[PDB]
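Take my numbering: the final residue in the first sequence is number 117, and no numbers are missing along the way.
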Amino acid sequence: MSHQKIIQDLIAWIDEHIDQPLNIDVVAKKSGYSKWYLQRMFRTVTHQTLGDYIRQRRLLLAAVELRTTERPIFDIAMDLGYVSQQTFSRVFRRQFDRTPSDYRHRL
DNA sequence: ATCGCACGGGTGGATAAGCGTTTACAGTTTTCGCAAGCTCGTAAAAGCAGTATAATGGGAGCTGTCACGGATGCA
C-alpha cells in the first residue's frame, strides 16, 4: 500500500469529524504511525499543510454554520480548538478575506 | 521503512484593548386629568310668639293577700 493511498484515506478521515475535538494525538495514534512522521509524508502528496488544513476545514465549517445556523461567533470557537473568539475571528481575514460578522449580511 | 531531534516557519494561548449600535439608570420639562377643599344660594327644616264666649280639686286601676326574723320607734 503506497502512501498516496494513505492520504487519500486521510481526506475522508476528517470530513465527518471536524466538529469533534480532533487533535494530532488522535490522528497519529489511529493511523499506525507516530506524532511527527505523518507530517513529512503529507507534503509530498498534496503540496499543502496538515495542521493548518484541519483549521481550513474548521474555518470552512464555521462559514457553513454561519450561513445556515444562528449560532454566535464566541462559542463556535469553543468547539473548534479555541478558548475565545479573539483569535478565531482574526484568521478569517486570511482564510476567506472577510469578517465573521460581514459574511452573513452579503447574500 | 520506523522516529526523534533541531533550525526555523506557522500558530494557539493569556491578559489586554478595540469597534459602531441600540437602551439603560442618572436627572428635569411638559401637559393633561380630576379631584378635595372653599365659597356660595336658596329652598327646606327649625324655632318662636300668639290665639279674648266660657271653662277652677287625680283619684283610675293600681294592691289580692308568704310568713319569719330583727331592730326601730312610739306609748
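Ideal placement from N, C-alpha and C gives every residue a C-beta, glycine not left out.
Less than 9 angstroms separating the beta-carbons of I28 and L60? Locating residue 28 in the first sequence gives position 18, where the first residue counts as 1. Locating residue 60 in the first sequence gives position 50, where the first residue counts as 1. Going by beta carbons, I28 and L60 fall outside the 9 angstroms limit.
Where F52 falls, given that 16 or more other Cβ within 10 Å makes a residue buried: Within the first sequence, the letter at position 42 stands for residue 52. So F52 ends up on the buried side.
Might you give, ordered along the chain, the residues of its own chain that have their beta carbon closer than 6 angstroms to the beta carbon of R65, omitting 5 neighbours on each side? Locating residue 65 in the first sequence gives position 55, counting from the first residue. If we look at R65 and ignore the five residues flanking it on each side, it has no Cβ neighbours.
Does the distance between the C-beta of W46 and the nearest non-hydrogen atom of the ligand ZN fall short of 8 angstroms? By its list of ligands, the structure shown contains no ligand whatsoever, and the ligand ZN lies outside what it can speak to.
Taking the beta carbon of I21 as the centre, do at least 16 other beta carbons fall within 10 Å, making it buried, or is it exposed? Taking the first residue of the first sequence as position 1, residue 21 is located at position 11. It counts as exposed.
Looking at the structure shown, is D35 part of a helix, part of a strand, or coil, going by DSSP? Locating residue 35 in the first sequence gives position 25, counting from the first residue. DSSP places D35 in helix when its eight states are reduced to three.
Mind checking which residues open and close the alpha helix (DSSP H) that includes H13? Reading the first sequence from its first residue, position 3 is the one you call residue 13. Looking at the DSSP string, the run of the alpha helix (DSSP H) that includes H13 is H13 to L20.
Do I83 and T56 count as a contact pair if the criterion is CB distance below 9 angstroms? The count along the first sequence starts at 1 and reaches residue 56 at position 46. The count along the first sequence starts at 1 and reaches residue 83 at position 73. Using a Cβ distance threshold of 9 angstroms, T56 and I83 do not count as a contacting pair.
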